[PDB]
Each structure stands twice: as C-alpha cells, then as structure tokens.
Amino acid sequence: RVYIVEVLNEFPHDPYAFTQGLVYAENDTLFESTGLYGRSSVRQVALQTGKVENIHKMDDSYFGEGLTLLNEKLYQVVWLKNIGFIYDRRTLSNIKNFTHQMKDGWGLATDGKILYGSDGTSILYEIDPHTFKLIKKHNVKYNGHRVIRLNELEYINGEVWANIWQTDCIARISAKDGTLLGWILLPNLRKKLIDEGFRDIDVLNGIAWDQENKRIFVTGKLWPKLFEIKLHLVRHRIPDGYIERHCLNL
C-alpha cells in the first residue's frame, strides 16, 4: 500500500526547529525534539501556532533526536549517543536518563507501553521503557530491501511510522513483525514549502499522531509548517522500483 497525503491543515512550525522528534500529546500540544548542536531542545509546542510553550534547551553537546511521550514522560534519544533522556513532560526537566542499544538515537515512538526506537538502520527497535532492554528488533524490509534510515517515528494505530531520512516518505511499519505495511509519500509537503520559498528546508521528519482527534501531523527539519495530513491510498499502479527509488533512495 502506498499513500499520498493531503494536507488538511498547515500549522506554523518553528522553521529553525531541526525536528528530530515529534510527539502529539493532547489538546493540540506537541512535543518536539530538535536536533543540531546548540539548538537541540525538547519543546512543548502549541500545535495551532507552532509556538514553543516550553523548552528544554539541551546541552550544546547534544543533538536532540527522537522523542516520544510515554506515561507523561518524554523519552528522547540523541544523535551519536546511546544515551536517552527522559523528561517530565510538564517541566521538560531531564528526570531520568536511559541508554538504548540501538546504533544511534534516531527516532522514538511508543505504543504506550514500549518504546520503539530507530537508529537510522532498518531496525525498528522495541525498547522496554523500564529496563531499556531491547524487546525486539524488527528488520524492516520492503521488497527485500532494508528500509534503512528509519528516522522520526510515530506509533499510529499499531503501526510505527517512520520517516525515512532524506526521503519524503514515511514507512508504515508493522509493530508486529516490522512488515512494511505501507509507504506514505509526502513529496508534496517539502515541494510546496520549497515552492513557497522555504528553499532550504531540510528533510521531512517528524510525525505526530493525535489519537484523540485522529490527526497525523508531519513536519520536517527547519520546516516552517507542520502539516496535518490525511493519507490517501494510491489506487493507481505505482511504477516498479518507485518506492525503492523515492523511499529507499535505491
């Protein structure tokens, strides 16, 4: 299954937020982890305005990565480290750390019980948020190909959607066996933004799922907008290798 996305709503997103983690909490409150050394943060963000309502400015040495919210705690990984940070969502104080056993800290998501982690390999890791042991590694594959570059993750309805870094695709990955359930192609978002003059926006990255209202939000790094998107199943035939080219970059 391949989906395209329709933007239902655009919201401002801090165009300087190098989004590496995107969480929808509730009531139009997002949490975001931004990367870049010196700019990494965990943020509480108002969906409607993209206003940063609360920010934990990370140490300059960290490059904020995936973020998810689990049991009122934000779990964040960081780039080129196996350390994770846990923040109380209310104050964004780093209350606890963890380590994970991924190769890197890219994305995080949660099904509300466990953490899913990505490290940019094709492994979607299930991480126990108590022990921070790996529960399971899903080797995400599509058409025999590793779906590497699983980046920002979002658990949505039993699936973990993963931005695929440097694509405008999101992989829908079965939380059951890492099956690539579907590809979401979102080239329109970046393209339109670039058309609007946001020419140096970085990659699509950041998926947040609002289970309460059933809203998918996606944004990207340094994107000035965050998009509520609706997926539409592509019903037409997709060229062979299309996904491999666009989502797997070969």
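The first residue of the sequence shown is number 1, and the count goes up from there.
Averaged over CA atoms, B-factors in the entry run higher in 167-175 than in the other of 149-157 and 167-175. In this crystal structure, the stretch out of 219-227 and 50-58 whose C-alpha atoms carry the higher mean B factor is 50-58. Of the candidates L186, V42, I194, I207, the PDB record gives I194 the highest C-alpha temperature factor.
Reading the B-factor column for the CA atoms of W79, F85, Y125, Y142 in the entry, the top value corresponds to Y142. In this PDB entry, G21 carries a Cα temperature factor that places it within the lowest third of its chain's modelled residues. Sorting the modelled residues of the chain by their CA temperature factor places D111 in the middle third.
Compared with the other modelled residues of the chain, the Cα B-factor recorded for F98 ranks in the middle third. Per the deposited record, the Cα B-factor of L74 falls in the middle third when ranked against the other modelled residues of its chain. Ranked by Cα temperature factor within the chain, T29 sits in the middle third according to the deposited record.
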